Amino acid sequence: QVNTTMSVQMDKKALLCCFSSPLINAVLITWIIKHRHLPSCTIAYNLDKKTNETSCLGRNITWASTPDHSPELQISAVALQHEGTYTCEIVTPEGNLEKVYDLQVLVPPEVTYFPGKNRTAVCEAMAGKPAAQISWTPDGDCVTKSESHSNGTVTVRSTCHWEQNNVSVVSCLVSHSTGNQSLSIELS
């Protein structure tokens, strides 16, 4: 329930801090990783016996470094499969402690822009997470179509037409939390 929401972009490295203190007497540290559909996996470290185990092979999930006073999980390269709950269960001589992360994966859209026939322009934001928002300058008569994909990404495709014959150059803004992208299009 009490958790840290964390947003990480595709292909970037993510670091999930369990705690950072020389005072916490951790005997065993376990990360439990849960997904909506994908099966769960675990990385565990025995600080007493200096031994470790993993059921996360092929998921690019490891200990950032050997855990001591700053136990930290590392995702070397974030991918859609990484979205889920990351729970750090700490066993100390006094009892149990926990740190929960809710990891969200952001996918930047792949954009394209092009003029069409009869003073139309097309702006597309391919497979973004969340869906990108497309806006035009100046205002046109547009049709925007969004397609949700099974991986959680959304493709947005916009086609406009401008009445005013004083309009020769149009601008498309593709807004996204990972960064805005805009380009101007010369009408036919």
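Numbering starts at 1 and follows the sequence shown.
As listed in the deposited structure, the average C-alpha B-factor of 159 to 167 and of 30 to 38 is greater for 159 to 167. Checked against the record, the higher mean CA B factor of 61 to 69 and 148 to 156 lies with 61 to 69.
Of the candidates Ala44, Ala131, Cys123, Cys56, the PDB record gives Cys56 the highest C-alpha temperature factor.
Of the residues listed, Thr87, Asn96, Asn118, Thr112, the entry assigns the biggest Cα temperature factor to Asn118. For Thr92, the recorded CA B-factor ranks within the lowest third of the chain. Only modelled residues enter the ranking. Remark: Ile75 belongs to the middle third of its chain, ranked by C-alpha B-factor as recorded.
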